[PDB]
Amino acid sequence: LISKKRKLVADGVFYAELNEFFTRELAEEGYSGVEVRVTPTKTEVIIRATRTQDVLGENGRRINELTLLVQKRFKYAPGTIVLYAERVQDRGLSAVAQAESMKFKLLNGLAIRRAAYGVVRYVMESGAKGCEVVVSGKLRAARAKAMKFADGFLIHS
Amino acid sequence: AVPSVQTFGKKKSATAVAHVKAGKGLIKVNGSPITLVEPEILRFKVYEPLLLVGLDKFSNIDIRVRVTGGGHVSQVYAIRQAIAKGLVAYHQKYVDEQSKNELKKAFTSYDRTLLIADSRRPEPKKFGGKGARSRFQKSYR
Amino acid sequence: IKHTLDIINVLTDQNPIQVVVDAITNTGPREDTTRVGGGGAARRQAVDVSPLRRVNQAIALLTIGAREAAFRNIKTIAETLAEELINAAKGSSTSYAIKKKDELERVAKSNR
Amino acid sequence: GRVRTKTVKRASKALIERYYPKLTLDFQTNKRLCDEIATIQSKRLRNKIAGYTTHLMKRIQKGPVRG
Amino acid sequence: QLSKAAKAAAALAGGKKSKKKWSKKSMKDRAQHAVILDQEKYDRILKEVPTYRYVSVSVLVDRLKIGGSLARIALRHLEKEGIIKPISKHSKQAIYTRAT
Amino acid sequence: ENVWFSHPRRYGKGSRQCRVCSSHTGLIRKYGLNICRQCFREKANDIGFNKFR
Amino acid sequence: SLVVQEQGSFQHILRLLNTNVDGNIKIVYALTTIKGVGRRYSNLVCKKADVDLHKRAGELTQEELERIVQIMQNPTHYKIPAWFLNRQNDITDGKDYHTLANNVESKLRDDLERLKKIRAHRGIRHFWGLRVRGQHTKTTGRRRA
Amino acid sequence: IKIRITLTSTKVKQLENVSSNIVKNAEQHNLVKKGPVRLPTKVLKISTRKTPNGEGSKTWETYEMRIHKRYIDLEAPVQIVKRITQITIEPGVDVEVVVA
Amino acid sequence: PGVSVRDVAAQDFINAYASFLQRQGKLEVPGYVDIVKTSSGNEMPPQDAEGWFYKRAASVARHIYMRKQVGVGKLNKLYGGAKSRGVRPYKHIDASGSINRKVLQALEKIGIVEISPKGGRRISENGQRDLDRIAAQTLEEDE
RNA sequence: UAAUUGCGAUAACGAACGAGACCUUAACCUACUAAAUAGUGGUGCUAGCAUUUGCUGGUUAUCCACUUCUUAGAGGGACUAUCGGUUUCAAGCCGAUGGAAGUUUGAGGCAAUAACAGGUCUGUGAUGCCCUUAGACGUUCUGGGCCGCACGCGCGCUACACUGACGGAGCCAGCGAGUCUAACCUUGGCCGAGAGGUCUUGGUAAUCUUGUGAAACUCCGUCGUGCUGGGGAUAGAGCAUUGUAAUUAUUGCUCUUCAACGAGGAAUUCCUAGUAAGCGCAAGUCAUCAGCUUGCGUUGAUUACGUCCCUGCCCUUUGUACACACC
RNA sequence: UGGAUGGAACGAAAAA
Ligand SMILES: [Mg+2]
Ligand SMILES: [Mg+2]
Ligand SMILES: [Mg+2]
Ligand SMILES: [Mg+2]
Ligand SMILES: [Mg+2]
Ligand SMILES: [Mg+2]
Ligand SMILES: [Mg+2]
Ligand SMILES: [Mg+2]
Ligand SMILES: [Mg+2]
Ligand SMILES: [Mg+2]
Ligand SMILES: [Mg+2]
Ligand SMILES: [Mg+2]
Ligand SMILES: [Mg+2]
Ligand SMILES: [Mg+2]
Ligand SMILES: [Mg+2]
Ligand SMILES: [Mg+2]
Ligand SMILES: [Mg+2]
Ligand SMILES: [Mg+2]
Ligand SMILES: [Mg+2]
Ligand SMILES: [Zn+2]
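As recorded in the PDB header, cryo-EM is the method behind this entry, and the stated resolution is 3.23 Å.

Dropping the structure here:
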C-alpha cells in the first residue's frame, strides 16, 4: 500500500544495495553484475560471475549463506527469495570483471605496464572492437600522473 | 441527424473547441453571446471573422465555442481561430468550395493566424539566470 | 492610443491619422553625426540618415516627448501625447522632438 | 549552414555509381527506395542522402560530373 | 595587511555621514489649487466652459484654479443640463466637447 | 546512565543521514529516498536515473 | 452632479488635542494628523460619529467636533470592539486604553525607563541606541544618526 | 467479472510486450474487453550541483526517471482469471490485478 | 425570446441586483459591518461602506448560478488578492471567511441558495426565478 | 561553411577521435489502435425564460454512438522541396511560391589530445604520512556563537507615483507534490475581523486536494501634484501557530508610530524573439521560516541582422636575447 | 584609371 512513485524508487534502491554489496563480496569470484526478477510469491536474483563453483561453495554453502544474509537484512519470509549464480558469457567483455582483475594483479605486485597490456591484450583477443585502460596516481615517483593504454578505437560523444 | 461540424483553435497554451451546426444564426461563447467577450478592447479583434466576410453568411448557421487555458489575450485569439476554422470546415463539407476560395483568400490576405496556428512556443529556463537568455550578474572585484 | 486619437479629433478636426503621419514626416532627423576615423583619433563626422531610421527616430522622440512631459504632471499621458503630436504635425518649435531634430541638424551642419 | 558531411557525400556517390538505371529525378520516390535498397539508421540521415542524390542527378542532367 | 591604526582612522573618517548627495533638488511653485468653490468661481465656469474645443479634468485645473475633484464634479454637473457632449466616458480619462 | 542519548531527535538535520555515508548535510528527501546529492550522483545510473536533456 | 455654492461658515486650519490639523482635506485623512490616530481609527470613529466622510475638514459643523473627540478619548464606551486600541493590558491597571497626541511619547519614554530600571536586555539595547528586534547590524543602519 | 489490471513499468519495450500479449490472449479467448488505456507517463526529476564542494562555476545537473502506467478492464470467468496473473511475468514491469 | 443571467453584462447585472436588494433591505446585516477589511490582504475598508454586503451577496449569488457547488474555501480563494508584504515581495492571500460565510447564511434565510449534497451550496428553485427576472428587467432597461 | 564542414589543389596514400552523425524535448496529422481515472453529441428524468420549434443548466450505473479537442503507442511529415538570379561555374549563397514548420526548424544532453602544481582529506567504512588516543583532538549532555558593529565591497528585494495609489466588482494558466506502521495534501460544515480553532470527507492518485477560480491584468468609482491617500525602514501594545524549549522579537494576524528616497557621479552587467522586461505559481532545503535557487506558465517592447574601434578567440606568414613562456 | 598618415600605454621580490 505505497504510491507507485516511491514503489519504483524503492525498487531502484533495492537493485542498488544488492549491487553494491555483491561488488564488495564476490570480487574474487569474478562477479559481473546482477539481475532482479519479481514474480508473484517470489522475488528472484541472478548473479553473473566467472568462478561459479566458488560462488556456490561446497554443497552450496556460500550461496545459502548469501540467501540468508539478504533474507535477514531485507525482512523476507522463507521461500520468497532465491539466488542463482550463472557464468557470464564473454568474460573478456565485462569492464567490472576487468577492473577487478587489474586490482588483484596490482595487489599481487604485478607491474603497471605489464598488467595493463595484459588486460588490453586479453580483451582484444576475446573479440572486442575497442579498449582503453587508464591508470592514475603515484607511479614510482612522488608527483602523481596517469598513463593511457589503448587499442582499437572508441567513441566518446 | 442534422448537418454539423466541430473544430478547434489554439494559442500559447489556450484551446477553444467550436461546435457549428445548421440553425438560426446564434453565436455563443461558453453559454453566452459573442457580445460579452470581456476584454473591452479586443471586441473588434474577435468581431474580425464575422465582419471580414459579412454577417449574411451567418443567418443560417449556429456557432458555439468553449475556450480554456492561457490568458485573456491568448484566449481571444483562440476563439477567433476556432470560429474561422469551423467556418471553413463547414463550407468544406456541406457547401461547395467555390465560396471557400474567396473566403480563404480574404482571410489569409488579411491575417495569417485566422487559419494557421502561431508557431512561437516558449523557451525553457536555464540555470545561471532568471530567463532563457539572461544571466544573473558578473562582479569581477 | 484610442484616447489620444480622440483628443487629436476634438482638436484639429482633420483626420488624426493624417495628423500623426505628418508629425512623423516632420520629426525625422535627416542628417546626424557619428564616430568616423581610421585609428586612435576618430571624430564626430556628419552622415545622412536612412528613411527607416528617420521614422524610427521620429516615433521615439515623440513618445519620449510625451512620457517626459506627462511625467510628474497633472496632464494625462493620453492628452500629452496628442499635444506633442499636433504640435509637431503643424510645426511649432515648442515640441521636444523639434528641439532634438534641429539640434542634430545644426550640430551636423556645423560639423560637416 | 547547409553543408552536407562526407558520410552523406560518399554514400550518395555510391548510389549514383551503382544505381543509375533506377531512382529518378523525384525526391519522393528516391526517398521511398533508399531504405529499400540501402540500410540507414535514421530517417533524417536517409532524407539528407536522398536529397543530395537528387541534387547529383540534377547535376547529371547537364553534362557529366567530375569523379 | 593594514595596520591596527589605519583602519581605525578610515572608520573615523567614514563617520563623516550627512550622506553625499550628488543632487541639486531645486524647489518648485507649490501650487495651492482651490478646494471648495464659490459664486465668483461658479459663474466663471458657467461663462467660459463654452468657447473650448476640449474640456477635461486636467484642462480645467491647469488653466482654472480649481482642483481635480472640483473638476470632475463640475463636468458631471455641467453635462447633466447639457452644454458639452460625451464622446468617451472611460474612467481615468474623460473626453467632452462643446455643443454647437 | 539515562542521559547518554537523552536529547530528542524527532526532527532537524541530526534526525536523519545519508543511507550510504551517514552525512547530515545535503540530503535529498524528495520521493523519500534519503541520500545526499554527492553520493546520489554516483549511484544514479544503478538506481535508474538518467540524463536526457 | 451636484455643485453647492457655499456658506461663509468655512474655516481654515483649526486646533484640537494640542495638534494643528490641516483643513481643506477630507475629514478621515485630516484626523490622521492627530498623533496616535491612524487611518483605521479615524475612519471608524467618524463612522461612529455618523459623519459623512466626503466633506472637507474645514467645511464641518463645530458642534460634532467635540462629539468626535469624546468618542476617541473613551472609545470602548461606544461599542469599539476593544481590539482597535493600540495599548492593551498595558502594565498597571490592566484595563484597556488608547494613547493620543501628547501621551504617545510619554508612554514610550516611561516604558523605556521601566526597562532601563529593570535592566532587561531590550532596555539595555535602547540605552545603547541599537536595534532591538533582532536584526543584523553588520551591513545595515550605518548612518543611523 | 469486472477486473482491473494495471501496469506501472519503467521500460516501454517490455511494457508494450506485456500489454500486447495480454490483449492478444483475451482476443484469442474471445472476451469482451476495454482497450488498453494509456495513462500519461510521469517524470521524476532531481537537480543538484555537479561539484561536490562549493567552488567553481555554478553548474546544475538534472536526472529523470520515466514511469509509464497503463490499465485494462476485463469481464472474465474465474478459470481464466487466475491464469492471466499466473502467466506474463517478466522483469521491470509491475502488475496489479484487483476486483472492484 | 427568453433570456438568462449570461445574457447581460457582468457589471450591470451585479449593480442592478444590489440596487434591487437595497429597497427591501431584508437580506441581513452581520452587525460587525463597516468595521472589517474583508481580507487580511486588503489595506483599507471598503470606501462605499453604505452597503457592499448587497454587492457581495449579488456576486456570490450569480457565482453559484454559474458553477454547480461552491464553498467558503473557494470563496476565499476567489475574493482574495495580492497582499503587499511591506518590503518583501507581494503574495496571494485568500480573503476573510466569516464575511462570505454569513453572506451564504443570509442567502439561505432568503432561500436563494441551499445546502447541496456532496458539499457546497446550490442555487434554489425560487432563487433562479429572482436572478432570471432581474436579468430580464436589466436588459429591457435599455428601452 | 558555425565547423581540418566541404569543392578542389597536391610527396603523399590509406585511417582514427572531435564536429557532424546521435538521443530527449516543443511545434503538424479531422489517418492507424483505443479510452467513465479524458471528453463530445443524442436519448431518458428534471430547473428557469419564452413560448412556435428553442436558449442555458443539473442528473451515475438512463443508455446509445463517436475520438475533433486530452492522453499515449506505432507511423507519416522538411530533404532547404519548386522556380528565378549569382560564382572555377563546384562546394555554396540570395529572393519568391507552396508549406504547421525553410537562421544545421527552436532548445538542450553527450562531447577529442594535452594540461592547471584551480577546488575538496568537512561526502565517503577511499586513502599514504604526521598528531592524539582515557583528567583523548573519540563520543555524549547543558548553555552560548555561527546573526555579534565606528566602517568597505558583491548578488538581490522594495520604491521615488497619475502609463499612478486605494475600494469594489470581472475572471484566465502551466511545470509539479501528497499518509503504514503513518500522520501527508486537504474539499465540505460550524466558530472567530484576522491569524487560527473545531466536526467530518477523498486520495498510495489523469478520478481527491485542484478548473490549484494565481498574479500582473480589465470595468466602475475615491484621490489629486501636496515627501500627498507614494514609500513602508524604525519602534510600542495585544492575539495565535510550529517546536522539549523562541528571551538578542522564528513566522502570522490587529492597532498605532510613518525615517531616507524628488531618477541617482566616476564606473559597470545581461540581451536579437515569444527573446529582454513585468507578473505570479510549483519544487529543493522544511517541525516552523524565502527577500535564494531549480523549473513552469501569463502580458509582452524598442534596436541590429553589421564591424574588428575597445575586450578577447581560430588559422597563416614574420621577428624574438622569452621556456616557471609579456605578470 | 583612385587615397591617406592619424594621440597616450611605466613596472612585476629570492629558489623549484
Ligand atoms: Mg522572464
Ligand atoms: Mg499623468
Ligand atoms: Mg479582486
Ligand atoms: Mg513590482
Ligand atoms: Mg441531459
Ligand atoms: Mg538553382
Ligand atoms: Mg542543435
Ligand atoms: Mg573527496
Ligand atoms: Mg555565516
Ligand atoms: Mg551568483
Ligand atoms: Mg488546468
Ligand atoms: Mg500606502
Ligand atoms: Mg518552500
Ligand atoms: Mg541557499
Ligand atoms: Mg627585428
Ligand atoms: Mg632561457
Ligand atoms: Mg613589461
Ligand atoms: Mg622600479
Ligand atoms: Mg625599476
Ligand atoms: Zn552520502
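Draft legend 1. Local environment of the overall build of chain E. Along its length, chain E carries four helices and two strands. When its helices and strands are written in sequence order, chain E yields α-α-α-α-β-β. Dimensions of chain E along its principal axes, counting C-alpha atoms only, are 85 × 30 × 20 Å. For chain E, contacts bridging at least 24 residues in sequence account for 47% of all contacts bridging at least 6.

Draft legend 2. Representation of the interface of chain E and chain C within the structure. Between chain E and chain C, the contact holds twelve residues from the first and eleven residues from the second. Here chain E packs against chain C, burying approximately 1,000 Å² in sum over the two surfaces, 59% of which is carbon and sulfur. The largest share of the area that chain E buries against chain C comes from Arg53(E), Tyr54(E) and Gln93(E), three residues that together contribute 45% of it. Counting the contacts that link chain E with chain C gives one salt bridge. Linking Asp13(C) and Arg53(E) is a salt bridge whose minimum nitrogen-to-oxygen distance equals 2.9 Å. In this structure, the connection of chain E to chain C is made through five residue pairs in polar contact. Counting residues per element, the ones that place at least two in the side of chain E that touches chain C are α3 (59–62) and β1 (84–88) of chain E. Residue composition of the side of chain E that touches chain C, grouped by class: five nonpolar, four polar and three charged.

Draft legend 3. Looking closely at the sheet that holds strand β4 (residues 95–99) of chain H. Residue and element names in this part refer to chain H. What the four strands build is an open sheet, ordered β2-β3-β1-β4; its pairing is antiparallel. Of all strands in the sheet, those bounded by a partner on one side alone are β2 (33–49) and β4. Across the sheet, the mean angle from the axis of one strand to that of its neighbour is 15 degrees, orientation sign disregarded. With five bridges connecting them, strand β1 (residues 3–7) and strand β3 (residues 60–74) associate as antiparallel partners.

Draft legend 4. Quick peek at the side chain of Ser23(F). Residue and element names in this part refer to chain F. Note that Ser23 resides in the segment before β1 (27–28). What makes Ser23 buried here is its relative accessible area of 18%. Not counting residues within four places of it along the chain, the set of residues in contact with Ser23 comprises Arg16, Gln17 and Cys18.

Draft legend 5. Expanded view of the protein's contact with RNA strand K. All residues adjacent to RNA strand K are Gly38(C), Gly40(C) and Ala41(C). A distance of 3.4 Å separates a base nitrogen of RNA strand K from a polar backbone atom of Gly38(C).

Draft legend 6. Structural context of the pattern of salt bridges. This structure, assessed with the given rule, holds 37 salt bridges over all chains. For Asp43(E), the salt bridge is made with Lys47(E), and the minimal N-O distance between the two is 3.1 Å. Placement of both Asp43(E) and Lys47(E) in helix α2 (residues 39–48) is noted, with a separation of four residues, approximately one turn of the helix. Using a relative accessible area of 31% as the deciding quantity, one classes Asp43(E) as partly exposed. Overlapping salt bridges, with partners in common, bring together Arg87(G), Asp90(G), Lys107(G), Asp111(G) and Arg114(G) in one network.

Draft legend 7. Region of the structure containing the protein's contact with RNA strand J. In the region of RNA strand J, 241 residues are neighbours, and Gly70(B), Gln137(B), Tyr31(F), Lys35(G) and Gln128(I) sit closest. Each atom of RNA strand J within 4 Å of the protein was classed as base or backbone; sugar and phosphate made up 76%. Within the side chain of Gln11(I), an N or O atom sits 3.5 Å from a sugar or linking oxygen of RNA strand J. Separating a phosphate oxygen of RNA strand J from a side-chain N or O atom of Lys83(I) is a distance of 2.3 Å. Of the residues that constitute the surface near RNA strand J, the class distribution is 64 nonpolar, 78 polar and 99 charged.

Draft legend 8. Local environment of the arrangement of the chains. Comparison of the eight pairs of chains in contact shows the highest number of contacts for chains F and H. Across the gap from chain B to chain C, with no contact made, the nearest C-alpha atoms are 10 Å apart. There is no contact between chain C and chain I; across them, the least C-alpha separation is 22 Å.

Draft legend 9. Here's a closer look at the interface of chain F and chain H. At the junction of the two partners, chain F supplies 14 residues and chain H supplies 15 residues. For the pair chain F and chain H, the two sides together bury roughly 1,500 Å², of which 60% comes from carbon and sulfur. The largest contributions to the chain F side of the interface with chain H come from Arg37(F), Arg41(F) and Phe49(F), which together make up 40% of the buried area. We note a salt bridge from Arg41(F) to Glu61(H), for which the minimum N-O separation is 2.4 Å. Where chain F packs against chain H, one counts six residue pairs in polar contact. Of the residues belonging to the side of chain F that touches chain H, the class tally is seven nonpolar, two polar and five charged.

Draft legend 10. A look at the UniProt feature "binding site: Mg(2+)" (unreviewed entry) in chain C. Residue and element names in this part refer to chain C. With numbering aligned to this structure, UniProt lists the feature "binding site: Mg(2+)" (unreviewed entry) at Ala70, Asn73 and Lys75. Mapped onto the fold, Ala70 is located in helix α3 (residues 51–70). Not counting residues up to four positions away in its chain, the partners in contact with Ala70 are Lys75, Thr76, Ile77 and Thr80. Relative to the helices and strands, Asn73 resides in the loop between α3 and α4 (77–90). Overall, the relative accessible area of 40% leaves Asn73 in the partly exposed class.

Draft legend 11. Representation of the environment of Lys148(A) in the model. Note on placement: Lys148(A) falls in strand β5 (residues 145–152). Each residue touching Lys148(A), except ones within four places of it in the same chain, is listed here: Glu132(A), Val133(A) and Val134(A).

Draft legend 12. Local environment of a nonpolar patch on the surface. Together, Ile124(G), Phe127(G), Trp128(G) and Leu130(G) line one region of the surface with nonpolar side chains, adding up to about 450 Å² of accessible area. Secondary-structure assignment places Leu130(G) in the segment after α5 (121–128).

Draft legend 13. How the structure looks around the packing of helix α2 (residues 27–37) of chain D against helix α3 (residues 43–60) of chain D. All names here are of chain D. Orientation of α2 relative to α3, taken along the N-to-C sense of each, is 125 degrees, at an axis distance of 9 Å. Our classification of the angle between α2 and α3 gives oblique. As α2 packs across α3, the resulting crossing turns out to be right-handed. Taking contact as the criterion, the partners of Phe27, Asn30, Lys31, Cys34 and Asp35 in α2 are, on α3, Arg46, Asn47, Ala50, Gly51, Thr54 and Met57. Residues belonging to the contact of α2 with α3 are distributed by class as follows: four nonpolar, four polar and three charged.

Draft legend 14. Spotlight on the nonpolar core. With 32 residues, the main nonpolar core has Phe13(I), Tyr17(I), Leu27(I), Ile64(I), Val103(I), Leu107(I) and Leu131(I) as its most contacted residues. Of all the elements in the fold, those that place two or more residues in this core are α1 (10–24), α2 (53–66), α4 (97–110) and α5 (125–140) of chain I. Counting residues per element, this core draws most heavily on α2(I), at eight residues. The contact partners of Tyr17(I), leaving out residues within four places of it in the chain, are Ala58(I), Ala61(I), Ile112(I) and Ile134(I). By size, the runner-up hydrophobic cluster in this structure holds 30 residues, among which are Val53(B), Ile83(B), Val88(B) and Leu103(B).

Draft legend 15. Inspection of helix α2 (residues 16–26) of chain C at higher detail. All names here are of chain C. Those residues of α2 that fall on the buried side of the exposure criterion are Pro16, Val19, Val20 and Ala23. On an axial view of α2, the arc spanned by its buried residues comes to 90 degrees, and they lie on one face. For α2, exposure combined with an orientation more than 90 degrees from the buried face picks out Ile17 and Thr25. Next to the buried residues of α2 lie α1 (2–10) and α4. Between the side-chain oxygen at the start of α2 and the backbone nitrogen of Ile17 there is a gap of 2.7 Å, and the oxygen is on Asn15.

Draft legend 16. Region of interest: the pairing of β1(H). Residue and element names in this part refer to chain H. Counting buried residues along β1, four of its five residues qualify, which places the element largely inside the surrounding structure. In this structure, β1 lies alongside β4, joined through five bridges in antiparallel fashion. Paired with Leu7 across the strands is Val95, a residue of β4.

Criteria and cut-off values
- Residues numbered from 1 in each chain as written, not as in the entry; some residues may be left out.
- Chains lettered and ligands numbered in written order.
- Part of a larger assembly, values for the part shown.
- Heavy atoms only, no water.
- Residues with missing side-chain atoms left out of burial classes, pairs and counts.
- Helix = DSSP H or I, 4+ residues; strand = E, 2+ residues; numbered from the N terminus.
- Contact = heavy atoms within 4.5 Å.
- Buried area = accessible area lost by both parts, 1.4 Å probe.
- Salt bridge = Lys/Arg side-chain N within 4 Å of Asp/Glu carboxyl O.
- Polar contact = N/O pair within 3.5 Å; in protein donor to acceptor, adjacent residues only side chain to side chain.
- Nonpolar A, V, L, I, M, F, W, Y, C, P; charged D, E, K, R; others polar.
- Pairing = 2+ DSSP bridges.
- Axes fitted to C-alpha atoms, helices over the stretch in contact; angles between N-to-C directions.
- Buried < 20%, exposed > 50% of the residue type's maximum accessible area, 1.4 Å probe, protein only.
- Near = heavy atom within 4 Å.
- UniProt positions renumbered as here; feature names shortened; annotations may be inferred.
- Patch = residues over 30% accessible without salt bridge, like charges linked within 9 Å, V, L, I, M, F, W, Y side chains within 5 Å.
- Areas by Shrake-Rupley, 256 points an atom, 1.4 Å probe, with all protein chains shown as cover.
- Parallel < 35°, antiparallel > 145°, perpendicular 65-115°, else oblique.
- Left-handed = near helix turned anticlockwise from the far one by under 90°.
- Core = buried A, V, L, I, M, F, W, Y, C linked by side-chain atoms within 4.5 Å.
- Arc of directions from axis to C-beta.

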